[PDB]
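A single chain comes next, written as structure tokens; it is the form deposited in one PDB entry.
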């Protein structure tokens, strides 16, 4: 039964329409908020059957930080709450596809993504990430499949064996902001090459990374600007990588003067 005072924080205020995903830790549904008709993704997690006191604190503290985020290029966290012995996370529905599939399209058509199109999407992604960093929140899982795109071409940085392993993460050092920058650079490269720069185990990956053993992007399709931005973002040394604000400023310049 409906509970109007409860907003997005109770299952009674949602109607489940379809199971749309199965995760390793969760099951994901499409649903509608009965109060305003807004469609949403609803995750249900058995955190009591998989987590411990400490983990639940970390996860829940993190989710609560995430709900404060508010930006057009970042998946919105409307609510989270314990109910039926489960963590329920209510998220902005991002239903139309993602960067991983866009890249498959181009591969299938045997075409590269024009530089202009790369910037069109990358600049939105930078916008998303600068918002997060400005709020002192690290994303932690930047990868093409986690970069949703609406039917209208809007980037939606999705909800936080990882796809892009940074050197500090490979060696179990702390993830931090420069680690997001590393992923961001790998993603820019992947948009331009249609493959990860380091496309195979962690030792050989470490080797490759320390020696920049990745194939160069073709200079006849991609500007020095695009290629240098990749180069500096995936520098093995975190201190050599630029902050997100510098990356964003280039993306905006390049988006402006290629469109």
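Positions refer to the first chain, counted from 1. In this text, rigid core is short for the largest set of C-alphas that superpose within 1.5 Å between two forms.
There is also a form deposited in another entry; it is not shown, and the following applies to it.
In a core superposition between the shown form and the other one, the Cα of 81 is the only one among 177, 106, 81, 78 shifting by 2 Å or more. A displacement of 2 angstroms or greater separates the C-alpha positions of residue 27 between the shown form and the other one, with the rigid core held in common.
Residue displacement note: residue 36 has its CA displaced by at least 2 Å between the shown form and the other one (rigid core superposed).
When two forms of a protein are overlaid on their rigid core, residues whose CA moves 2 Å or more are considered shifted, and residue 45 is one of them between the shown form and the other one.
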